[PDB]
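K.L.:
below is the sequence, then the experimental coordinates.
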Amino acid sequence: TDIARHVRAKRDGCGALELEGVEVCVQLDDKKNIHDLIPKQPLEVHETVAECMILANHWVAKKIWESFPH
RNA sequence: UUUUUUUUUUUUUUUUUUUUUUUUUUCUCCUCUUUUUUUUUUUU
């Protein structure tokens, strides 16, 4: 939690653009038919893991660029 | 006291052959309406 919170702190002091999409989820029972629909949401922990893997993939891309130029 | 005679089941067998699924019609034909076309993002 703390690590993610403050990786967020930094890379928003830089300043990202965090926006959203109109996404909905669907549950299907035994009969395979629509019990109900439910709008889904972005959760704190989604943001945490999103930024952890952003920074990860970022260092990855750095490594592989300085490692292979063209 | 009533003798004698009037044929019967066609003859024949020791002939060659080098093709081939099917088969033969039916004309030109008015697709109705918020749009440029949305798009990163993350959790599978």
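P.N.:
Nice, I can see it. Residues are numbered from 1 along each chain as shown, chains lettered A, B, ... in the order given.
K.L.:
from now on I want contacts and neighbour counts done on CA atoms only, so please keep to that.
P.N.:
OK.
K.L.:
OK, contacts around the closest residue to residue A:24 other than its chain neighbours?
P.N.:
Leaving aside its chain neighbours, residue A:24 sits nearest to residue A:39 (4.4 Å; criterion: Cα to Cα, 6 or more residues apart in numbering). Contacts for residue A:39 (Cα atoms under 8 Å, 6 or more residues apart in numbering) come out as A:23-25.
K.L.:
which among those gets closest to residue A:57?
P.N.:
Nearest to residue A:57 out of the contacts of residue A:39 is residue A:23 (Cα to Cα; 24.9 Å).
K.L.:
now the phi/psi pair for the residue nearest to residue A:24, please.
P.N.:
Torsion angles at residue A:39 (phi, psi; degrees, to the nearest 10) stand at phi -60, psi 130.
K.L.:
from RNA strand B, how far out is it?
P.N.:
Distance check for residue A:39 against RNA strand B: by Cα to the nearest atom of the strand, to the nearest Å, it reads 12 Å.
K.L.:
what of residue A:58?
P.N.:
Residue A:58 is 11 Å from RNA strand B, by Cα to the nearest atom of the strand.
K.L.:
for the helix or strand harbouring that residue, list the C-alpha coordinates in CSV.
P.N.:
Per DSSP states H and E: residue A:58 is located in helix A:44-67. In CSV, the C-alpha atoms belonging to helix A:44-67 read as follows (Å, rounded to 0.1, in the frame of the first residue of the first chain):
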residue,chain,number,x,y,z
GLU,A,44,-7.6,1.5,-5.1
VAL,A,45,-5.7,-1.8,-5.4
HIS,A,46,-6.1,-1.8,-9.2
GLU,A,47,-4.4,1.5,-9.3
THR,A,48,-1.6,0.2,-6.9
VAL,A,49,-0.8,-2.8,-9.1
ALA,A,50,-1.2,-0.7,-12.2
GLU,A,51,1.5,1.7,-11.1
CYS,A,52,3.8,-1.1,-9.8
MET,A,53,3.7,-2.8,-13.2
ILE,A,54,3.9,0.5,-15.1
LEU,A,55,7.2,1.3,-13.4
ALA,A,56,8.3,-2.4,-13.8
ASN,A,57,7.6,-2.5,-17.5
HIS,A,58,9.2,0.9,-17.8
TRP,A,59,12.6,-0.2,-16.4
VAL,A,60,12.1,-3.3,-18.6
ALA,A,61,11.8,-1.1,-21.7
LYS,A,62,14.7,1.0,-20.6
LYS,A,63,17.0,-2.1,-20.2
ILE,A,64,15.9,-3.5,-23.6
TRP,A,65,16.4,-0.2,-25.4
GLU,A,66,19.8,0.6,-24.0
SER,A,67,20.5,-3.1,-24.6
